[PDB]
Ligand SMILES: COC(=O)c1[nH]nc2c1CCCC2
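Encoded as structure tokens, the following chain is the form deposited without the named molecule, with no partner shown.
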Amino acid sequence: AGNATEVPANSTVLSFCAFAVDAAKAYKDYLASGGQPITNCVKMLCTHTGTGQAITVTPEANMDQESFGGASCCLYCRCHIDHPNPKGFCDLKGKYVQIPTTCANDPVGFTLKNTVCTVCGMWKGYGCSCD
């Protein structure tokens, strides 16, 4: 009984990161060693005419982005492990996350490595125009 959530392609990476002392570092190191990115993310069918902001209540991908369910792009959600922050609460779960289409083959690694501008809501380096 029960409902499967995962596919065999993710077994290795998820197992590795679930036991790791430093999950973030582990995933990065795993990628660096040739491991394939985590798959089975929640990719959205959307209009691609949105605002382009990084983390949003509804899908907001523009023409150069893909929208994903937020929990599915979060390493800590995917491995069912504790979150970095002091409250232990996730910033992606419960939202949609826009990922540049050039980087959409590894949405988990993208959110792990990048940061959102708190002024304009755009990814630093991938949309943020702030002076």
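Throughout, we count residues from 1 along the sequence that is shown.
Undergrad: Mean C-alpha B-factor higher for 81 to 89, or for 66 to 74?
TA: Stretch with the higher mean C-alpha B-factor: 81 to 89.
Undergrad: Is the mean CA B factor in the deposited entry higher across 55 to 63 or across 26 to 34?
TA: Higher mean C-alpha B-factor: 26 to 34.
Undergrad: Reading the B-factor column of the entry, which of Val13, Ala20, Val119, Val108 has the highest value at its C-alpha atom?
TA: Answer, based on the entry's C-alpha B-factors: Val119.
Undergrad: Between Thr47, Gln98, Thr102, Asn40, which one tops the list for Cα B-factor in this entry?
TA: Among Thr47, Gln98, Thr102, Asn40, the PDB entry lists the largest C-alpha B-factor for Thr102.
Undergrad: Mind checking which third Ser129 falls in for C-alpha B-factor across the chain?
TA: It belongs to the highest third of the chain when residues are ordered by C-alpha B-factor.
The form solved in complex with the named molecule exists for this protein as well; it is not shown, and the discussion that follows is about that form.
Undergrad: State yes or no: in the bound PDB entry, is some non-hydrogen atom of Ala61 no more than 4.5 angstroms from a non-hydrogen atom of the named molecule?
TA: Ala61 lies outside the contact set for the named molecule.
Undergrad: Taking the named molecule as it sits in the bound PDB entry, is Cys79 near enough to touch it, meaning that at least one heavy atom pair lies within 4.5 angstroms?
TA: Contact with the named molecule, no.
Undergrad: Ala104: heavy atom within 4.5 Å of the named molecule in the bound PDB entry?
TA: No, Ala104 sits far enough from the named molecule in the bound PDB entry that none of its heavy atoms falls within 4.5 Å.
Undergrad: Considering non-hydrogen atoms and a 4.5 Å limit, does the named molecule approach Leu92 in the bound PDB entry?
TA: Answer yes; at least one heavy atom of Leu92 falls within 4.5 Å of the named molecule in the bound PDB entry.
Undergrad: Going by the named molecule in the bound PDB entry, which residues of 26 to 64 come within 4.5 Å of it through any heavy atom?
TA: Heavy-atom contacts to the named molecule in the bound PDB entry: only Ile55.
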